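S.K.: Pasting an experimental structure, sequence included:
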Amino acid sequence: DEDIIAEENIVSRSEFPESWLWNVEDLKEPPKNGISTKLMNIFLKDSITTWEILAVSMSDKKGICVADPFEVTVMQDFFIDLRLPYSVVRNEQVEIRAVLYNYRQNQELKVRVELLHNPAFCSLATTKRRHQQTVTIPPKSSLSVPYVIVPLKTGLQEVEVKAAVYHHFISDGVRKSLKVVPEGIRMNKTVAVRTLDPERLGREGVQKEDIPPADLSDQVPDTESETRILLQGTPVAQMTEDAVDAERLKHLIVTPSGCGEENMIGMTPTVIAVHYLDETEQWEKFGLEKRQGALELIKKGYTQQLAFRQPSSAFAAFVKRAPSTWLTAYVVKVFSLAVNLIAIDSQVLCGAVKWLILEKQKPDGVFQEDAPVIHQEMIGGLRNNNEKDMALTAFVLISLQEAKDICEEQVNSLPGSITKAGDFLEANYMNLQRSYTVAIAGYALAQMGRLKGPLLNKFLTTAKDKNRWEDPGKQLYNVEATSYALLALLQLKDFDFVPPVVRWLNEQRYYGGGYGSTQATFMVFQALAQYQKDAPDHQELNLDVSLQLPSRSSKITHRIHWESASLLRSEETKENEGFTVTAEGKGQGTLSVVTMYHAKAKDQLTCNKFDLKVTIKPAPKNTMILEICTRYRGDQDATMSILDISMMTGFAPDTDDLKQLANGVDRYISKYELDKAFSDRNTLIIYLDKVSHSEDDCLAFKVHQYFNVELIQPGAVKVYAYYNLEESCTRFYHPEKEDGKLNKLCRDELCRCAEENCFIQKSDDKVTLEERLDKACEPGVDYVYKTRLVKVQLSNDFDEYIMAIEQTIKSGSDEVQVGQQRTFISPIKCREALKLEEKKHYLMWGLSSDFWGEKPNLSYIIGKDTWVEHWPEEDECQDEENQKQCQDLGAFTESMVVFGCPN
Amino acid sequence: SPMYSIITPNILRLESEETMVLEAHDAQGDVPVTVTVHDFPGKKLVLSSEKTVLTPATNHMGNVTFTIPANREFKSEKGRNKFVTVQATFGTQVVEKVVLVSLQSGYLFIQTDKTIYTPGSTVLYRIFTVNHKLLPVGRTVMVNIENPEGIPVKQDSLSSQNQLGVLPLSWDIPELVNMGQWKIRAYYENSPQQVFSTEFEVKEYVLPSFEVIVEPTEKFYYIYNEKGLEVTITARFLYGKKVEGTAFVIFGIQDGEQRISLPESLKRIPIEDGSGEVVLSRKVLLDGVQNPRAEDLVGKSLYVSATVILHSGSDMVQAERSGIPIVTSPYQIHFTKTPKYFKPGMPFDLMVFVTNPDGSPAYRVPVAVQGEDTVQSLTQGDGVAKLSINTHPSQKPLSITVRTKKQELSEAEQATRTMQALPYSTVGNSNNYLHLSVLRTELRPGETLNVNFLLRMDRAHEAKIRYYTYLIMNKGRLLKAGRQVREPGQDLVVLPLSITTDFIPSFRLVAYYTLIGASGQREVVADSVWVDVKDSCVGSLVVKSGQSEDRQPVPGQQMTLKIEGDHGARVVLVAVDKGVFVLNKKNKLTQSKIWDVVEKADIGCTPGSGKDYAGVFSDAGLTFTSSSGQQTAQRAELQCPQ
Amino acid sequence: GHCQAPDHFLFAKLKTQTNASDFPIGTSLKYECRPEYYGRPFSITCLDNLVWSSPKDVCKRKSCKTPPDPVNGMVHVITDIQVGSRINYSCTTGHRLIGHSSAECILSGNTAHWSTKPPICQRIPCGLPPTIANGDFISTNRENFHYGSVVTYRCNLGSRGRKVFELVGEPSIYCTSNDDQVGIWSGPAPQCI
Ligand SMILES: *[C@@H]1O[C@H](CO)[C@@H](O)[C@H](O)[C@H]1NC(C)=O
């Protein structure tokens, strides 16, 4: 044009990030009055907007600080705002908008605006021709320029528009991106659910699983898919019997007093109460201040007990009384358990043990009581048995084995005495008549691991109902014996037998702490503590899972443990493929495989709630009449609605006709557009109060063409509800184009743009022989045929010419033999320029990109590079005006057939 | 009878520096002290490592600073609570207390670059790893990313070591993705129980051309106002220029989580110079709902949805103001800053917090307690007003009713609330109390604060009090410990207290004196108070313009940026288009949120005082133990009672 | 009569015959902006005062586009984006640069396009963690490791479970780099014995 910057010289603004300046900076500046100051020279991006800057500081002294936001307003005097949606559907015709803003106070700008040509889009801008308008923008205003385009190839494409003003330095451009989504909808297809139990469901403890590819029958070609695999471990907890409520154990705290016997009777419940509450961790409901007090009581009991310790290291009731074997053994048994609690002198303990062995042990390995204890209620079930040799031998032996680890490396005669007594217990075991003795000697032998075979069977079969070891007599003996038996089971690690026993003990509701409750209390709480200590609360979980994907030679490894049970394993693959899962180890897993893809489902595209019919008709310069009829789909009439109307280029509504609508009831048009100039209204919005759901509500107005130009763009009509823009309907209108649709050629799911020239530029300039020869010898040119038009099949859109090929000059990638018919497709509107009629002959040539469908069934398309030249009939060659043409045709034909090209 | 006492924080934390207060009362010579920490129960010898010597001229008081090492966490999600045994020996005498343990290592904060993302884009996020002192620490941190359904789709384990407490991170949102609210979860390796989280939205969107902001004339609605709800619509371009267009506006009533639209409230208004007005009439409001009584609508909210459409018709932007309360009164009264216990015969200081229906603090609002005349007060900037009342010696609970005294309201529109306080119980009814009075408000670092110690007791034993022991608790730890001296006959003494940046956001001041009371009986009397400090950064961070103000910068032009901060610190930056925040302004990182998270993590559960000395200590988040047997109760609970 | 040879602007070019020194009154000469610059085509005329006309601001110099903020990277720009200017790229921490660090503002003479392409800074990868006997490491990630990833060791408990051996020597370790290269482990500490 006149005095204007060229389009090619304009570099459009491409950068529109939503976030940036992710920079990291340290302040090294020496402080002036405690404040360091760094200056940052940065680069503002292309976007016109206010940028908000948030900073966070981290210091090794002052810590973390979140600064207040800082705004920078980025703007120009004249600029383009290109408004594009998030995503557009492939092959569907849409209308985008470019809004030019001129904010200059007193100055109006004469503007040239141009849309660039992209192969990915079908527009009025061709390869050799631009689409450009010239519009005037008043000071402090804006102007919207509609563009109608059809997306072609999927993926992320680019839309670029440029603009420059006349007689000024002002210019601008916008280059954005847009996602082209194919037809369909996201659908989640669940592939496989596989339960993993390599122990139960696996062979050789190993379970391998085969997972096939997803169905994806209705998947859209070339679209992506994502397969997601989840490994979920399942925790299996075993019920552990209820621990004894600490509310019942409150009475077991007792201040130790009295002489050598009573002191132990009082020390007993306080010692075992700690032991149990420590393992059961019930102190919280018991209270934490009580423990140390109890520890003081224990220390007291021990200290007082040391006053009854004789020079022989043996213990007896009174210092004047002969030493008691059982009492000393029980003192050992208690102090052995008290090591975890209070400080205890190993010399006193191992000394008592040593005295026991070197004094009270008989040559047959039997321990004997020379001086019986005074309290016969503190010995428990040792009474009435008559088996007391065995019973006492067991008791003492147990007391010896509890003190072993402390006294083993001190007293040399300990293991000797242990095995010595053990032989004696072993030999006489099978003759036991009373369950109590079976239990105590049972536990006695179990610590040596010497309870095996027949003896163990005798121990197990003694239990009534496989729960309780009991004899006829007082209950406490049966409880104590059952406790001993529990210690025995736990020593031999038989957990199958255990739970019915513990269920019975707790069922007795015996918390101990009464007259002669010493043995019962101590042993039942020792046993019930060892139970909870050794009781598994879970089933072992170790999972070794491996994944073999045909797309990855790399081996995928995942290990699931019992602490991992909460954690979920996730793996993803973009390729749909069958894969193998190799699982091993204990535990129960769950495997889920689910794919997400694109479905071939149709249509998915429609005007949801709105029916819209647009009719543009010539009125009886040029004046026409645009009529819009609409009806809402629903049970009620819609609320306030919007009619967004664009204009065919060079058109404007009749300013007079608008007022009758605007002043009419139920219709509203803003005064902004009503008092606006006749020129520069290409966009008019009619606000409707309602649209009927029963019958069509229609309206019409006249449109004048103030500017005559070639190839005008169809106008658009968009109806929508104010609360929802997503639900709408879009219609186009053109006088010479059907339904406002642009010419585009589509078969299957693919479409190509028809908006270019129908064929090669016609003569003149008159074509010579060298021209045809050189042009047809171009490496790109594929086929050259001499043809005859058989029959013209017209349609609503595309014309199909049936051409029988009479000879093949040049052959392309298509295999076609002489005499075979072919079909040529041309856009309507090019039919009168082609002026093709039947029975006449023509010469055609084209490229390899013009084929319709796939080999070897093809249809030909006439493009801008397609050559069509009428071949005169033989009788018509005699005419004086056909001479040069016929000579050229024959020449070209035989030159091409016989000699071919030199290149 | 020399008495040995230990003061510790109520709850102990792992891998955090804790302090312990050692005291020897009425002793002679230099007393050595050894401090040991063990597992409960049994002996693991967690930290024996702190040894110190209490001496005269130090007035027999000393610090012990230890950091407890972490077993990490074996079990479990269920718990349960773990305790440790703190034991201290002075030369002979043993004093021990078992303390509850929280597994919290420190705080974690997550910053995302935007508030909303698109499928096929990248989410940039930083993780700030700090301790309880909010100082930077390198540690191991577990990170998870949860989809709307809750399934973590990505989990890693990272180390912030040598990163200076900042972990830069990124995640690529897939192209085939579930739309909704996505969540970034993170926690320390040693503490899976404490999880910090952030949200971000995935949606199909485009950045708009302009923004819409709707505002009511007032932030509530008065039920009897005939004018109805008045709403002003403002619509401005991103570059600050006003707009010309047409707006659609409609109202609605929100009750519970259920919303009900008002069909006849629909209005179409023109937008001129980036402004517009619309009014919801009381008639339409009361007609929309058939409930005939108007007063039923109180306690409900209103919402306005405005949709602005350009005159080009190309761009359309919607905005909403929700939670507009329908109230009988502009104000409400809250006691959450006032202690629930009083010292009989001593001045009781109430702090009344008056707020607007939106939660914003009211400014300059007259309040009083019936009854009547002598007391009156105006609400300050923080929205809190002080009312101090005299106290009767009686044991009857103090029932206080506070009302707003603002003029022009009909008393129907006056806000009222009733509280009750309970008498502090003393030892053996000795009637010996202690009153801590701190008056000044709007306190800032660098200021000094006079603390008034008022002693109440018979003058027979008054000469035996030569000191008060004071403790400054902050951020769940012990900030300071000290001794305020008292000469015989001094009933009210003053302690100057320097205020550093270490008192932010706020602090607690506890104080106690002990003496041998009637007939060889040891009495320990204590009191506490809570002081709010102005919320701010410890240091300073400013980002401003580096050039003179001439005109706006043009796209593509360079800009010099000025940053003002502390020496040696590391600064992380982000720049966001404001069109983004039009769509989502939620979950943005703010210092206020940080201090909020800290103030929610406080172990002190009460504004001050207590039912007794043990109550005073425990409520203020402290434990007091003595060789004479006087000690606090046991808190087994991790959270604050409610 | 007659205006002398016109002054040399040198940022604009005349392509047409200048065979003469003394030009007459009212004669338009066409000055097009030099290829190093860009501006609208204009024409200068004699004032009739023997002096040539003054151009308004028709012509301007050029620049090469907008430098993008790359993913996980910092762009240091000194001076301006004008032709012949240099800008630099730096990955701050935990990433290696693939590309050319120094970038140059260019003139190909038809149009300007950056000489080097924006580099990519990628997270520092690490090899397999050091393997020790009798014990294993636990993590959700095993096969593929990236910079900053921390792994923790443990000792195998067998089946029933028992305390076997002892965990010793700093079980937790992470990937790091003391140079910009493939990452190496902080230390090969752990043992189960
Ligand atoms: C403990 O003593 C140190 C000096 O050794 C002092 O810096 C610190 O402030 C004291 N701690 C408290 C809580 O007073």
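M.R.: Alright, I've got the coordinates. Numbers count the residues shown, from 1 in each chain, chains lettered A, B, ... in the order given.
S.K.: and the nearest residue to residue A:559 once chain neighbours are set aside, what does it touch?
M.R.: Distances taken as C-beta to C-beta, 6 or more residues apart in numbering or on different chains put residue A:544 closest to residue A:559, at 6.0 Å, once the chain neighbours are dropped. (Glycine included, C-beta is placed from N, CA and C.) Contact analysis of residue A:544 by C-beta atoms under 8 Å, 6 or more residues apart in numbering or on different chains lists A:559, A:583-585.
S.K.: Let me know the distance separating residue A:544 from residue A:581.
M.R.: 11 Å (C-beta to C-beta, to the nearest Å).
S.K.: Could you do residue A:523 as well?
M.R.: In terms of C-beta to C-beta, residue A:523 sits 52 Å off from residue A:581.
S.K.: Which one's more surrounded, those two?
M.R.: residue A:523 (26 against 22; other C-beta atoms under 10 Å in any protein chain shown).
S.K.: Over to the more buried one. Which of the three states is it?
M.R.: Applying DSSP: H, G, I helix; E, B strand; the rest coil to residue A:523 yields a three-state assignment of helix.
S.K.: Contacts for stretch B:439-447 next, please.
M.R.: B:380-382, B:384, B:386, B:449-450, B:452, B:499-501, B:503-504, B:531-534, B:536.
S.K.: okay if I get the contacts of residue A:544 as a markdown table plus distance to residue A:836 and neighbour count?
M.R.: Listed next are the contacts of residue A:544 as a markdown table, based on distance: C-beta to C-beta, whole Å; neighbours: other C-beta atoms under 10 Å in any protein chain shown:
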| residue | distance to residue A:836 | neighbour count |
| --- | --- | --- |
| A:559 | 75 | 18 |
| A:583 | 71 | 25 |
| A:584 | 75 | 18 |
| A:585 | 78 | 21 |
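S.K.: quick one: which two of these are the most distant?
M.R.: A:559 and A:583 (11.4 Å; C-beta to C-beta).
S.K.: Give the residues shared as contacts by the two.
M.R.: When contacts are counted by C-beta under 8 Å, 6+ apart, residue A:559 and residue A:583 are jointly contacted by A:543-545.
S.K.: Sort out for me which of these are in strands.
M.R.: A:543-545 (DSSP state E).
S.K.: re earlier: between the shared contacts of residue A:559 and residue A:583, which is closest to residue A:643?
M.R.: Of the shared contacts of residue A:559 and residue A:583, the one sitting nearest to residue A:643 (C-beta to C-beta) turns out to be residue A:545, at 60.8 Å.
S.K.: Correct me if wrong: the closest one contacts residue A:559.
M.R.: Yes - the pair residue A:545 and residue A:559 passes the contact test of C-beta atoms under 8 Å, sitting 7.4 Å apart.
S.K.: Go through the ones in strands among the shared contacts of residue A:559 and residue A:583 and name the one nearest the ligand.
M.R.: residue A:543 (49.7 Å; C-beta to the nearest ligand atom).
S.K.: and that closest one, how far is that from residue B:142?
M.R.: From residue A:543 over to residue B:142 (counting by C-beta to C-beta), the distance is 20 Å.
S.K.: So between these two, which is more surrounded?
M.R.: residue A:543 (23 against 19).
S.K.: Could you find the closest non-adjacent residue to that one?
M.R.: Residue A:543's closest residue in space is residue A:560 (C-beta to C-beta, 6+ apart), at 3.5 Å.
S.K.: Identify the residues contacting the helix or strand hosting the one you found?
M.R.: For residue A:560, the enclosing helix or strand under DSSP states H and E is strand A:552-561. With C-beta under 8 Å, 6+ apart as the test, strand A:552-561 has contacts from A:231, A:233, A:541-549, A:567, A:569, A:571, A:587, A:589, C:136, C:138, C:140, C:142-143.
S.K.: Centre of the chain to that strand, how far?
M.R.: A distance of 19 Å separates the centroid of the chain from that of strand A:552-561, by C-alpha atoms, centre = their mean, to the nearest Å.
S.K.: what about stretch B:599-613, start to end distance?
M.R.: 24 Å (C-alpha to C-alpha, to the nearest Å).
S.K.: tell me which residues of it are tucked away?
M.R.: Buried residues in stretch B:599-613, counted by 16 or more other C-beta atoms under 10 Å in any protein chain shown: B:602-610, B:612-613.
S.K.: Stretch C:64-72 too?
M.R.: Buried-residue list, stretch C:64-72, by 16+ other C-beta under 10 Å: C:64-67, C:69-70, C:72.
S.K.: Next: stretch A:114-134.
M.R.: Going by 16+ other C-beta under 10 Å, stretch A:114-134 has these buried residues: A:114-118, A:120-125, A:131, A:133.
S.K.: if we can go back for a sec, show the buried residues in the contacts of stretch B:439-447.
M.R.: B:382, B:384, B:386, B:449, B:499, B:503-504, B:531-534.
S.K.: so which of those residues comes closest to residue A:211?
M.R.: residue B:504 (57.3 Å).
S.K.: Up against chain C, what does the stretch 1-150 of chain B have?
M.R.: The stretch 1-150 of chain B comes close to chain C at residues B:122, B:140, as judged by C-beta under 8 Å from any C-beta of the partner chain.
S.K.: which non-adjacent residue is nearest the closest residue to the ligand within the stretch 1-150 of chain B?
M.R.: Residue of the stretch 1-150 of chain B nearest the ligand, by C-beta to the nearest ligand atom: residue B:63 (2.7 Å). Nearest residue to residue B:63, sequence neighbours excluded (C-beta to C-beta, 6+ apart): residue B:19, at 5.9 Å.
S.K.: go on, residue B:172?
M.R.: residue B:122 (5.3 Å).
S.K.: Beyond the top helix by length along chain B, next helix or strand please.
M.R.: The longest helix of chain B (DSSP state H) is helix B:591-600. Per DSSP H and E, the first helix or strand lying C-terminal to helix B:591-600 is helix B:613-619.
S.K.: follow-up on the earlier one: now the ones in strands among the shared contacts of residue A:559 and residue A:583 as JSON lines including distance to residue B:254?
M.R.: Shown next, in JSON lines, are those (distance: C-beta to C-beta, whole Å):
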{"residue": "A:543", "distance to residue B:254": "50"}
{"residue": "A:544", "distance to residue B:254": "54"}
{"residue": "A:545", "distance to residue B:254": "50"}
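S.K.: Name the nearest of those residues relative to chain B.
M.R.: residue A:545 (16.1 Å; C-beta to the nearest C-beta).
S.K.: OK, now which residue of the stretch 151-300 of chain B is nearest to chain C?
M.R.: residue B:159 (4.1 Å).
S.K.: Just the ones of the contacts of residue A:544 in helices?
M.R.: Among the contacts of residue A:544, no member lies in helices (by DSSP H).
S.K.: Test my guess that the residue nearest to residue B:172 contacts residue B:170.
M.R.: Yes - at 5.6 Å, residue B:122 counts as touching residue B:170 under the criterion of C-beta under 8 Å.
S.K.: shared neighbours of the two, anything?
M.R.: residue C:71.
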